[PDB]
>>> print(open('query-v2.pdb').read())   # PDB, N, CA, C and O atoms
ATOM      1  N   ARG A   1     103.200 185.523  16.794
ATOM      2  CA  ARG A   1     102.956 185.843  15.359
ATOM      3  C   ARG A   1     102.410 187.267  15.219
ATOM      4  O   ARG A   1     101.460 187.511  14.504
ATOM      5  N   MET A   2     103.007 188.209  15.898
ATOM      6  CA  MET A   2     102.522 189.616  15.804
ATOM      7  C   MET A   2     103.504 190.462  14.990
ATOM      8  O   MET A   2     104.661 190.595  15.337
ATOM      9  N   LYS A   3     103.052 191.037  13.909
ATOM     10  CA  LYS A   3     103.960 191.875  13.073
ATOM     11  C   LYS A   3     105.310 191.176  12.893
ATOM     12  O   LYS A   3     106.345 191.700  13.256
ATOM     13  N   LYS A   4     105.308 189.996  12.337
ATOM     14  CA  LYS A   4     106.591 189.265  12.133
ATOM     15  C   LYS A   4     106.565 188.510  10.800
ATOM     16  O   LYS A   4     107.432 187.709  10.513
ATOM     17  N   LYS A   5     105.576 188.760   9.986
ATOM     18  CA  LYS A   5     105.494 188.057   8.674
ATOM     19  C   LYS A   5     105.742 186.557   8.860
ATOM     20  O   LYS A   5     105.846 186.068   9.967
ATOM     21  N   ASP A   6     105.839 185.824   7.784
ATOM     22  CA  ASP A   6     106.081 184.357   7.899
ATOM     23  C   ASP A   6     104.869 183.668   8.536
ATOM     24  O   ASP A   6     104.480 183.975   9.646
ATOM     25  N   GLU A   7     104.272 182.738   7.841
ATOM     26  CA  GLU A   7     103.087 182.028   8.406
ATOM     27  C   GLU A   7     103.354 180.523   8.470
ATOM     28  O   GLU A   7     104.469 180.074   8.293
ATOM     29  N   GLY A   8     102.342 179.739   8.725
ATOM     30  CA  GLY A   8     102.544 178.266   8.799
ATOM     31  C   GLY A   8     102.099 177.626   7.485
ATOM     32  O   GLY A   8     102.702 177.822   6.451
ATOM     33  N   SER A   9     101.044 176.862   7.518
ATOM     34  CA  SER A   9     100.558 176.211   6.270
ATOM     35  C   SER A   9      99.208 175.528   6.512
ATOM     36  O   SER A   9      98.558 175.753   7.514
ATOM     37  N   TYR A  10      98.789 174.692   5.603
ATOM     38  CA  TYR A  10      97.488 173.983   5.774
ATOM     39  C   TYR A  10      96.426 174.937   6.335
ATOM     40  O   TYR A  10      96.590 176.140   6.323
ATOM     41  N   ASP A  11      95.340 174.404   6.824
ATOM     42  CA  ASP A  11      94.268 175.272   7.384
ATOM     43  C   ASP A  11      93.222 174.417   8.108
ATOM     44  O   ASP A  11      93.138 174.416   9.320
ATOM     45  N   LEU A  12      92.427 173.687   7.373
ATOM     46  CA  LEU A  12      91.389 172.831   8.017
ATOM     47  C   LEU A  12      90.681 173.603   9.132
ATOM     48  O   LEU A  12      90.836 174.800   9.268
ATOM     49  N   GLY A  13      89.904 172.925   9.933
ATOM     50  CA  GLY A  13      89.185 173.620  11.039
ATOM     51  C   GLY A  13      89.730 173.137  12.384
ATOM     52  O   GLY A  13      90.464 173.837  13.054
ATOM     53  N   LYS A  14      89.378 171.947  12.787
ATOM     54  CA  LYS A  14      89.877 171.421  14.088
ATOM     55  C   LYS A  14      89.537 169.935  14.229
ATOM     56  O   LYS A  14      90.279 169.075  13.796
ATOM     57  N   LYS A  15      88.422 169.624  14.830
ATOM     58  CA  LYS A  15      88.037 168.193  14.997
ATOM     59  C   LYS A  15      86.578 167.984  14.578
ATOM     60  O   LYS A  15      85.701 168.708  15.004
ATOM     61  N   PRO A  16      86.370 166.996  13.749
ATOM     62  CA  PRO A  16      85.005 166.687  13.264
ATOM     63  C   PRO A  16      84.179 166.025  14.371
ATOM     64  O   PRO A  16      84.372 164.869  14.695
ATOM     65  N   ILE A  17      83.262 166.747  14.954
ATOM     66  CA  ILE A  17      82.425 166.157  16.039
ATOM     67  C   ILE A  17      81.143 165.559  15.450
ATOM     68  O   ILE A  17      80.945 165.546  14.253
ATOM     69  N   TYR A  18      80.271 165.063  16.285
ATOM     70  CA  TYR A  18      79.003 164.469  15.774
ATOM     71  C   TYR A  18      78.046 164.186  16.935
ATOM     72  O   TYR A  18      77.828 163.051  17.312
ATOM     73  N   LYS A  19      77.472 165.210  17.508
ATOM     74  CA  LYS A  19      76.529 164.997  18.644
ATOM     75  C   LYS A  19      75.245 165.802  18.427
ATOM     76  O   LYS A  19      75.238 166.807  17.742
ATOM     77  N   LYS A  20      74.158 165.368  19.006
ATOM     78  CA  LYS A  20      72.874 166.107  18.836
ATOM     79  C   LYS A  20      71.713 165.287  19.407
ATOM     80  O   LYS A  20      71.534 164.133  19.075
ATOM     81  N   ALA A  21      70.925 165.875  20.266
ATOM     82  CA  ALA A  21      69.779 165.125  20.856
ATOM     83  C   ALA A  21      68.857 166.080  21.621
ATOM     84  O   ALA A  21      69.314 167.009  22.258
ATOM     85  N   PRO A  22      67.583 165.811  21.533
ATOM     86  CA  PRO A  22      66.578 166.651  22.225
ATOM     87  C   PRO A  22      66.617 166.397  23.735
ATOM     88  O   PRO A  22      67.528 165.779  24.247
ATOM     89  N   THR A  23      65.633 166.870  24.451
ATOM     90  CA  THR A  23      65.615 166.656  25.925
ATOM     91  C   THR A  23      64.245 167.031  26.498
ATOM     92  O   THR A  23      64.077 168.073  27.100
ATOM     93  N   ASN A  24      63.265 166.188  26.318
ATOM     94  CA  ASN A  24      61.908 166.497  26.853
ATOM     95  C   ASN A  24      61.089 165.210  26.996
ATOM     96  O   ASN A  24      61.262 164.268  26.250
ATOM     97  N   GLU A  25      60.198 165.165  27.948
ATOM     98  CA  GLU A  25      59.369 163.939  28.137
ATOM     99  C   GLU A  25      58.053 164.064  27.364
ATOM    100  O   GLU A  25      57.466 165.125  27.287
ATOM    101  N   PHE A  26      57.589 162.988  26.790
ATOM    102  CA  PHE A  26      56.312 163.046  26.021
ATOM    103  C   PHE A  26      55.112 162.925  26.970
ATOM    104  O   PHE A  26      54.175 162.197  26.715
ATOM    105  N   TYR A  27      55.133 163.643  28.059
ATOM    106  CA  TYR A  27      53.996 163.574  29.021
ATOM    107  C   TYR A  27      53.746 164.950  29.645
ATOM    108  O   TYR A  27      54.668 165.658  29.998
ATOM    109  N   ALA A  28      52.506 165.334  29.784
ATOM    110  CA  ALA A  28      52.200 166.664  30.385
ATOM    111  C   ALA A  28      52.554 166.666  31.875
ATOM    112  O   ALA A  28      51.742 167.136  32.656
TER     113      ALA A  28
ATOM    114  N   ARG B   1     103.146 163.880  -3.619
ATOM    115  CA  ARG B   1     103.993 163.760  -2.397
ATOM    116  C   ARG B   1     104.505 162.325  -2.247
ATOM    117  O   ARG B   1     104.460 161.751  -1.176
ATOM    118  N   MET B   2     104.988 161.743  -3.309
ATOM    119  CA  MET B   2     105.501 160.345  -3.225
ATOM    120  C   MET B   2     107.030 160.335  -3.304
ATOM    121  O   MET B   2     107.614 160.782  -4.270
ATOM    122  N   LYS B   3     107.682 159.827  -2.294
ATOM    123  CA  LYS B   3     109.173 159.787  -2.311
ATOM    124  C   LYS B   3     109.732 161.122  -2.811
ATOM    125  O   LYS B   3     110.445 161.180  -3.794
ATOM    126  N   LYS B   4     109.415 162.196  -2.141
ATOM    127  CA  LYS B   4     109.931 163.526  -2.576
ATOM    128  C   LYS B   4     110.274 164.385  -1.357
ATOM    129  O   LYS B   4     110.543 165.565  -1.473
ATOM    130  N   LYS B   5     110.266 163.806  -0.188
ATOM    131  CA  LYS B   5     110.593 164.590   1.037
ATOM    132  C   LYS B   5     109.831 165.918   1.035
ATOM    133  O   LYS B   5     108.995 166.165   0.187
ATOM    134  N   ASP B   6     110.116 166.778   1.975
ATOM    135  CA  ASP B   6     109.407 168.090   2.025
ATOM    136  C   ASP B   6     107.925 167.882   2.347
ATOM    137  O   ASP B   6     107.211 167.209   1.630
ATOM    138  N   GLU B   7     107.455 168.457   3.421
ATOM    139  CA  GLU B   7     106.018 168.294   3.790
ATOM    140  C   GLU B   7     105.335 169.661   3.872
ATOM    141  O   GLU B   7     105.883 170.664   3.459
ATOM    142  N   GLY B   8     104.144 169.711   4.402
ATOM    143  CA  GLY B   8     103.433 171.014   4.508
ATOM    144  C   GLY B   8     103.568 171.551   5.932
ATOM    145  O   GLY B   8     104.641 171.913   6.371
ATOM    146  N   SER B   9     102.487 171.604   6.658
ATOM    147  CA  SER B   9     102.555 172.118   8.055
ATOM    148  C   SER B   9     101.217 171.904   8.768
ATOM    149  O   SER B   9     100.361 171.179   8.303
ATOM    150  N   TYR B  10     101.032 172.539   9.894
ATOM    151  CA  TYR B  10      99.750 172.386  10.641
ATOM    152  C   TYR B  10      99.288 170.926  10.623
ATOM    153  O   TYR B  10     100.042 170.028  10.306
ATOM    154  N   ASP B  11      98.050 170.685  10.962
ATOM    155  CA  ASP B  11      97.533 169.288  10.964
ATOM    156  C   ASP B  11      96.013 169.290  11.153
ATOM    157  O   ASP B  11      95.264 169.013  10.237
ATOM    158  N   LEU B  12      95.554 169.599  12.334
ATOM    159  CA  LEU B  12      94.082 169.621  12.583
ATOM    160  C   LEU B  12      93.419 168.393  11.954
ATOM    161  O   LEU B  12      94.081 167.467  11.529
ATOM    162  N   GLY B  13      92.116 168.377  11.895
ATOM    163  CA  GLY B  13      91.411 167.210  11.294
ATOM    164  C   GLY B  13      90.713 167.641  10.003
ATOM    165  O   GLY B  13      91.157 167.333   8.914
ATOM    166  N   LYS B  14      89.624 168.352  10.114
ATOM    167  CA  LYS B  14      88.901 168.803   8.891
ATOM    168  C   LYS B  14      87.811 169.813   9.259
ATOM    169  O   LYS B  14      88.053 171.001   9.342
ATOM    170  N   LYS B  15      86.611 169.352   9.482
ATOM    171  CA  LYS B  15      85.507 170.289   9.844
ATOM    172  C   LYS B  15      84.737 169.754  11.057
ATOM    173  O   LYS B  15      84.340 168.608  11.082
ATOM    174  N   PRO B  16      84.553 170.612  12.025
ATOM    175  CA  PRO B  16      83.824 170.224  13.254
ATOM    176  C   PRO B  16      82.321 170.113  12.975
ATOM    177  O   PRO B  16      81.633 171.102  12.829
ATOM    178  N   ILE B  17      81.811 168.914  12.901
ATOM    179  CA  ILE B  17      80.353 168.740  12.631
ATOM    180  C   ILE B  17      79.578 168.655  13.950
ATOM    181  O   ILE B  17      80.139 168.787  15.019
ATOM    182  N   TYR B  18      78.294 168.431  13.882
ATOM    183  CA  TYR B  18      77.486 168.334  15.132
ATOM    184  C   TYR B  18      76.077 167.829  14.813
ATOM    185  O   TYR B  18      75.117 168.571  14.855
ATOM    186  N   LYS B  19      75.946 166.571  14.491
ATOM    187  CA  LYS B  19      74.598 166.020  14.169
ATOM    188  C   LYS B  19      74.364 164.709  14.926
ATOM    189  O   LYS B  19      75.293 164.013  15.282
ATOM    190  N   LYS B  20      73.128 164.369  15.173
ATOM    191  CA  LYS B  20      72.831 163.104  15.905
ATOM    192  C   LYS B  20      71.346 163.044  16.275
ATOM    193  O   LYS B  20      70.805 163.958  16.863
ATOM    194  N   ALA B  21      70.683 161.973  15.933
ATOM    195  CA  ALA B  21      69.234 161.858  16.266
ATOM    196  C   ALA B  21      68.739 160.432  16.004
ATOM    197  O   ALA B  21      69.155 159.794  15.058
ATOM    198  N   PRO B  22      67.861 159.984  16.859
ATOM    199  CA  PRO B  22      67.295 158.621  16.725
ATOM    200  C   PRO B  22      66.314 158.563  15.549
ATOM    201  O   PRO B  22      66.249 159.462  14.737
ATOM    202  N   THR B  23      65.551 157.507  15.454
ATOM    203  CA  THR B  23      64.578 157.391  14.334
ATOM    204  C   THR B  23      63.605 156.237  14.593
ATOM    205  O   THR B  23      63.718 155.176  14.011
ATOM    206  N   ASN B  24      62.651 156.434  15.461
ATOM    207  CA  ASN B  24      61.673 155.347  15.755
ATOM    208  C   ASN B  24      60.394 155.936  16.360
ATOM    209  O   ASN B  24      60.423 156.946  17.033
ATOM    210  N   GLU B  25      59.273 155.310  16.122
ATOM    211  CA  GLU B  25      57.994 155.836  16.684
ATOM    212  C   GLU B  25      57.694 155.173  18.030
ATOM    213  O   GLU B  25      57.948 154.001  18.228
ATOM    214  N   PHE B  26      57.159 155.915  18.962
ATOM    215  CA  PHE B  26      56.845 155.328  20.296
ATOM    216  C   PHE B  26      55.496 154.599  20.253
ATOM    217  O   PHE B  26      54.672 154.742  21.134
ATOM    218  N   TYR B  27      55.269 153.815  19.238
ATOM    219  CA  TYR B  27      53.978 153.075  19.139
ATOM    220  C   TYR B  27      54.206 151.691  18.522
ATOM    221  O   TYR B  27      54.953 151.538  17.576
ATOM    222  N   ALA B  28      53.568 150.683  19.051
ATOM    223  CA  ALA B  28      53.749 149.311  18.494
ATOM    224  C   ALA B  28      53.112 149.215  17.106
ATOM    225  O   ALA B  28      52.416 148.244  16.862
TER     226      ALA B  28
END
>>> encode(input="query-v2.pdb", output="structure tokens")
Amino acid sequence: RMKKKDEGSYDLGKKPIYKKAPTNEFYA
Amino acid sequence: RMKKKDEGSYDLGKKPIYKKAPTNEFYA
């Protein structure tokens, strides 16, 4: 798709993820 | 887009999110 005009369609982003978590012990 | 043939393009999913966390106290 370099200097050739003509595109595709739609857009969106990619994949809806869902992760997240800390990482530490509650002890000195 | 009902019984009219012709579609769009691309596909992907939507938006890549990233959330996740528990919810409880470490005490009885």
>>> atom_distance(input="query-v2.pdb", atom1="atom C of residue A:17", atom2="atom O of residue B:11")
15.4 Å
>>> atom_distance(input="query-v2.pdb", atom1="atom O of residue B:9", atom2="atom CA of residue A:12")
9.1 Å
>>> interface_residues(input="query-v2.pdb", of="chain A", to="chain B", cutoff="4.5 Å", atoms="only N, CA, C and O atoms", output="ChimeraX atom specification")
/A:12-21
>>> write_last_selection(input="query-v2.pdb", atoms="N, CA, C and O atoms", output="PDB file, in the frame of the given file")
ATOM      1  N   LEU A  12      92.427 173.687   7.373  1.00  0.00           N
ATOM      2  CA  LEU A  12      91.389 172.831   8.017  1.00  0.00           C
ATOM      3  C   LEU A  12      90.681 173.603   9.132  1.00  0.00           C
ATOM      4  O   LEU A  12      90.836 174.800   9.268  1.00  0.00           O
ATOM      5  N   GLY A  13      89.904 172.925   9.933  1.00  0.00           N
ATOM      6  CA  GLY A  13      89.185 173.620  11.039  1.00  0.00           C
ATOM      7  C   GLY A  13      89.730 173.137  12.384  1.00  0.00           C
ATOM      8  O   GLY A  13      90.464 173.837  13.054  1.00  0.00           O
ATOM      9  N   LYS A  14      89.378 171.947  12.787  1.00  0.00           N
ATOM     10  CA  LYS A  14      89.877 171.421  14.088  1.00  0.00           C
ATOM     11  C   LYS A  14      89.537 169.935  14.229  1.00  0.00           C
ATOM     12  O   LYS A  14      90.279 169.075  13.796  1.00  0.00           O
ATOM     13  N   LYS A  15      88.422 169.624  14.830  1.00  0.00           N
ATOM     14  CA  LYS A  15      88.037 168.193  14.997  1.00  0.00           C
ATOM     15  C   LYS A  15      86.578 167.984  14.578  1.00  0.00           C
ATOM     16  O   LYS A  15      85.701 168.708  15.004  1.00  0.00           O
ATOM     17  N   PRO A  16      86.370 166.996  13.749  1.00  0.00           N
ATOM     18  CA  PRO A  16      85.005 166.687  13.264  1.00  0.00           C
ATOM     19  C   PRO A  16      84.179 166.025  14.371  1.00  0.00           C
ATOM     20  O   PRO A  16      84.372 164.869  14.695  1.00  0.00           O
ATOM     21  N   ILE A  17      83.262 166.747  14.954  1.00  0.00           N
ATOM     22  CA  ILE A  17      82.425 166.157  16.039  1.00  0.00           C
ATOM     23  C   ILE A  17      81.143 165.559  15.450  1.00  0.00           C
ATOM     24  O   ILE A  17      80.945 165.546  14.253  1.00  0.00           O
ATOM     25  N   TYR A  18      80.271 165.063  16.285  1.00  0.00           N
ATOM     26  CA  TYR A  18      79.003 164.469  15.774  1.00  0.00           C
ATOM     27  C   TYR A  18      78.046 164.186  16.935  1.00  0.00           C
ATOM     28  O   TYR A  18      77.828 163.051  17.312  1.00  0.00           O
ATOM     29  N   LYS A  19      77.472 165.210  17.508  1.00  0.00           N
ATOM     30  CA  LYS A  19      76.529 164.997  18.644  1.00  0.00           C
ATOM     31  C   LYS A  19      75.245 165.802  18.427  1.00  0.00           C
ATOM     32  O   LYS A  19      75.238 166.807  17.742  1.00  0.00           O
ATOM     33  N   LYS A  20      74.158 165.368  19.006  1.00  0.00           N
ATOM     34  CA  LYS A  20      72.874 166.107  18.836  1.00  0.00           C
ATOM     35  C   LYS A  20      71.713 165.287  19.407  1.00  0.00           C
ATOM     36  O   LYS A  20      71.534 164.133  19.075  1.00  0.00           O
ATOM     37  N   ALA A  21      70.925 165.875  20.266  1.00  0.00           N
ATOM     38  CA  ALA A  21      69.779 165.125  20.856  1.00  0.00           C
ATOM     39  C   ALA A  21      68.857 166.080  21.621  1.00  0.00           C
ATOM     40  O   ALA A  21      69.314 167.009  22.258  1.00  0.00           O
TER      41      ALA A  21
END
>>> calpha_fit_and_write(input="query-v2.pdb", fixed="chain A", moving="chain B", output="compact mmCIF listing (two decimals) with N, CA, C and O atoms, keeping the file's coordinate frame")
# COMPACT_ATOMS: atom_id res chain seq x y z
N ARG B 1 103.20 185.52 16.79
CA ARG B 1 102.95 185.84 15.36
C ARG B 1 102.41 187.27 15.22
O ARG B 1 101.46 187.51 14.50
N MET B 2 103.01 188.21 15.90
CA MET B 2 102.52 189.62 15.80
C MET B 2 103.50 190.46 14.99
O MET B 2 104.66 190.59 15.34
N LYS B 3 103.05 191.04 13.91
CA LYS B 3 103.96 191.88 13.07
C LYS B 3 105.31 191.18 12.89
O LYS B 3 106.35 191.70 13.26
N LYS B 4 105.31 190.00 12.34
CA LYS B 4 106.59 189.27 12.13
C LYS B 4 106.56 188.51 10.80
O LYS B 4 107.43 187.71 10.51
N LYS B 5 105.58 188.76 9.99
CA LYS B 5 105.50 188.06 8.67
C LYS B 5 105.74 186.56 8.86
O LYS B 5 105.85 186.07 9.97
N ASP B 6 105.84 185.82 7.78
CA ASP B 6 106.08 184.36 7.90
C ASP B 6 104.87 183.67 8.54
O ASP B 6 104.48 183.97 9.65
N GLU B 7 104.27 182.74 7.84
CA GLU B 7 103.09 182.03 8.40
C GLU B 7 103.35 180.52 8.47
O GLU B 7 104.47 180.07 8.29
N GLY B 8 102.34 179.74 8.72
CA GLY B 8 102.54 178.27 8.80
C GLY B 8 102.10 177.63 7.49
O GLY B 8 102.70 177.82 6.45
N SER B 9 101.04 176.86 7.52
CA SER B 9 100.56 176.21 6.27
C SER B 9 99.21 175.53 6.51
O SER B 9 98.56 175.75 7.51
N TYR B 10 98.79 174.69 5.60
CA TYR B 10 97.49 173.98 5.77
C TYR B 10 96.43 174.94 6.33
O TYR B 10 96.59 176.14 6.32
N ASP B 11 95.34 174.40 6.82
CA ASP B 11 94.27 175.27 7.38
C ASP B 11 93.22 174.42 8.11
O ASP B 11 93.14 174.42 9.32
N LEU B 12 92.43 173.69 7.37
CA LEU B 12 91.39 172.83 8.02
C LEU B 12 90.68 173.60 9.13
O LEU B 12 90.84 174.80 9.27
N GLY B 13 89.90 172.93 9.93
CA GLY B 13 89.19 173.62 11.04
C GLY B 13 89.73 173.14 12.38
O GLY B 13 90.46 173.84 13.05
N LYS B 14 89.38 171.95 12.79
CA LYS B 14 89.88 171.42 14.09
C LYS B 14 89.54 169.94 14.23
O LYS B 14 90.28 169.07 13.80
N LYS B 15 88.42 169.62 14.83
CA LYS B 15 88.04 168.19 15.00
C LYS B 15 86.58 167.98 14.58
O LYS B 15 85.70 168.71 15.00
N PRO B 16 86.37 167.00 13.75
CA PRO B 16 85.01 166.69 13.26
C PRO B 16 84.18 166.02 14.37
O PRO B 16 84.37 164.87 14.69
N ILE B 17 83.26 166.75 14.95
CA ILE B 17 82.43 166.16 16.04
C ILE B 17 81.14 165.56 15.45
O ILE B 17 80.95 165.55 14.25
N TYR B 18 80.27 165.06 16.29
CA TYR B 18 79.00 164.47 15.77
C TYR B 18 78.05 164.19 16.94
O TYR B 18 77.83 163.05 17.31
N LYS B 19 77.47 165.21 17.51
CA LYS B 19 76.53 165.00 18.64
C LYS B 19 75.25 165.80 18.43
O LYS B 19 75.24 166.81 17.74
N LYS B 20 74.16 165.37 19.01
CA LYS B 20 72.87 166.11 18.84
C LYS B 20 71.71 165.29 19.41
O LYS B 20 71.53 164.13 19.08
N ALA B 21 70.92 165.87 20.27
CA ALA B 21 69.78 165.13 20.86
C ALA B 21 68.86 166.08 21.62
O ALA B 21 69.31 167.01 22.26
N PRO B 22 67.58 165.81 21.53
CA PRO B 22 66.58 166.65 22.22
C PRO B 22 66.62 166.40 23.74
O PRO B 22 67.53 165.78 24.25
N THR B 23 65.63 166.87 24.45
CA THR B 23 65.62 166.66 25.92
C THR B 23 64.25 167.03 26.50
O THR B 23 64.08 168.07 27.10
N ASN B 24 63.26 166.19 26.32
CA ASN B 24 61.91 166.50 26.85
C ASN B 24 61.09 165.21 27.00
O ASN B 24 61.26 164.27 26.25
N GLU B 25 60.20 165.17 27.95
CA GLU B 25 59.37 163.94 28.14
C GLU B 25 58.05 164.06 27.37
O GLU B 25 57.47 165.12 27.29
N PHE B 26 57.59 162.99 26.79
CA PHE B 26 56.31 163.05 26.02
C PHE B 26 55.11 162.93 26.97
O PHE B 26 54.17 162.20 26.72
N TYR B 27 55.13 163.64 28.06
CA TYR B 27 54.00 163.57 29.02
C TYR B 27 53.75 164.95 29.65
O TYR B 27 54.67 165.66 30.00
N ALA B 28 52.51 165.33 29.78
CA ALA B 28 52.20 166.66 30.39
C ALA B 28 52.55 166.67 31.87
O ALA B 28 51.74 167.13 32.65
>>> axis_aligned_box(input="query-v2.pdb", around="stretch 8-24 of chain A", padding_each_side="8 Å", output="JSON")
{"center_x": 81.9, "center_y": 171.4, "center_z": 16.4, "size_x": 57.6, "size_y": 32.7, "size_z": 37.5}
